[PDB]
Each structure stands twice: as structure tokens, then as C-alpha cells.
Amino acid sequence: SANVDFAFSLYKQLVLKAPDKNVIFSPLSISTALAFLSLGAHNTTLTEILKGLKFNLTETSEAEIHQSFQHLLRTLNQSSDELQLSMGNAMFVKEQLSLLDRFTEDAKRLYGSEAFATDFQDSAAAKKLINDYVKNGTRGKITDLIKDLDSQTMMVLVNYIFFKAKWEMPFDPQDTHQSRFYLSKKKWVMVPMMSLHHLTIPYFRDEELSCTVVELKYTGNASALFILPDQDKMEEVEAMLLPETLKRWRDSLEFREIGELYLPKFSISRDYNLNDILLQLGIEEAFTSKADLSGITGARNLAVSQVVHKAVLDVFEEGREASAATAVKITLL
């Protein structure tokens, strides 16, 4: 799909922008938030946005696009007794700024949103509310998404995803041990390494791109694909992250009995300001005066300020959790 395409497009940029740092983000959370943005975008503003999300505007109509995310949100939000997973969309609109019925309707119908009256004049409290809605939805993992809030702010659209599922063959705490993790060939550090013995899991040694793919399921409809690139093969590997590579990998995995497997117990949390990257993907007009967001108010008097994103991943003996959230700070034009 376009989604996993957009996803790998962003990844590679996040990398160029900072080569040797751990990366962690949620693509779906970003696509749904910007897609949400489309409902107000018109003419060129809208065109740019859709194409930036790697959607093919000639095969897929605008309406086709929104109808999808609706259905996705529906199904995605199936947090039943087995694994937790929910996604939500909301928009805190400045107390006295009327939005066309259509927008307020399609937002609730297609993206499940709400319109909360926000007095942005009180940036201290406005930021508070929004931060507490995300903290709430993520069960307290994403604290302080909105770092700063402009005074001339008119509205902010936010999305968030919470996911909690135990493994399907847990690691036993008794087996975790301090071992070497090689930052590079002659550079190593000691870290808690989790284990598993005589394990039967999907496997694929990719000779072409020189890396081993392995699969570990969570209880329920979700799983973790791990790719261990060969020593010095990371650069090559990251270059080939194409929607076609992922399908080939998934389609090549066959069951194998592994003598022993080792995975590092860890927790990483990174946040970003996607302005630059989004501008490199082609989303430019929405950031200038030329921005057409007339679908929101009828008048063309809004423009994108910045788009930020925070994410957290915890990989423990019990699987644990991951969460991410995204917000689009819109200001007057």
C-alpha cells in the first residue's frame, strides 16, 4: 500500500538527519493525522498532501482515501481481551472560530473526532488540556507532546496510538543476562540480553541483502519482524527498505527450530519536528501564505505551523508496550 511506502520514505530521512541514533516512530499515526488534515485542504494544498503520503491520486480518489482510514480506525479500534490497541483523532478548536458543518461532520464520521473548545489565549492551560488527552489515550506513556504553543494559535489536530500485547512465547526473567552488544567491530558495551531455547519461529536468511529475518508473535493479530543486518551491512539494508522488500520477506518466512535466540531488553523514546522532512516529501504550500485550508472555515485563513511527533517503545520479557502521538499546530493566516 501507500502507507508502508510513506513509512519507509520518512524512515530514510530520519536516518540522514541523524545517522547513528536509535530510531522509533509510528507511521500509521502520522498518515492518519495528515490525512485528517486533507479534509480542509483544497486545490494545490490538498494535492501536495495526498501525494506526499504516497497515495496515487489517479488510481485513488480523494473520497476513496478518507473512506479507507474510516474503516481502518473502525477495525483498528478492536481492543478486546487478548491485546490492547486503540487509536483516536481529535481537534481542539479555538473557542470562537466557526468551522463549516461539512468539516465538523466528516471529521466525526470519517476520522472519529471531536471538537473541543480551546482558549488558546491561555497557552499554559491550552497546552495542558491537549497534553492530558494524549497522556490519557496512551495510558500515561506520552508525556508532553506539545512542548510549546503559539499565542496566535487557532486549532490543533491530534492523533495517538496505544498498543499493549504480551508475547506468545515469553522470555523468562531467570534467563536475562549482562552480555556484549557491539556498537561496532571494536566497540562494545554490556547490556541485559533476553533468551529462548529450541524455539520454532518463522525464519529467512536473506542472502541477497545479507541479513536474517525472524518473526515473534504477540497474543492476537500483531507481530514483530526483526532484521539483523550483517556486520557492516546496515547501510545496504536500509537503502532497500522498499514496500516490495517487506512483502518478499513476509512471503519468504518458513518455520524453523532455532537452538537459542537472543534479544536485548530495552526502552527507547524519541520525538521529532517533521516540518523539514515533510517539506522534502513535497508538503510545501500548506506551510506558507499560499495555503488553502478553506474546507475548515470557508475562508482561507489558516496555515500549518509545525507538525511534531513523539513515540515510545518498551521491549521486555513480557513484550510490554509501544505508543506514539502526533499533533498539527495550525495558526491564523
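Sequential numbering from 1, following the sequence displayed.
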item: 249-257 versus 106-114 - greater average Cα B-factor per the deposited record; value: 106-114
item: 314-322 versus 14-22 - which carries the larger mean C-alpha B factor in the record; value: 14-22
item: Top Cα B factor in the deposited entry, candidates 31, 68, 269, 280; value: 68
item: Residue with maximal Cα B-factor (values as given in the PDB entry) among 238, 244, 82, 172; value: 82
item: Among modelled residues of the same chain, the CA temperature factor third for residue 300; value: highest
item: CA B-factor placement of residue 138, once the chain's modelled residues are sorted into thirds; value: lowest
item: Residue 218 CA temperature factor, ranked by third within the chain; value: middle
item: Assigned third (lowest, middle, highest) for the C-alpha B factor of residue 181; value: lowest
item: CA B-factor placement of residue 72, once the chain's modelled residues are sorted into thirds; value: highest
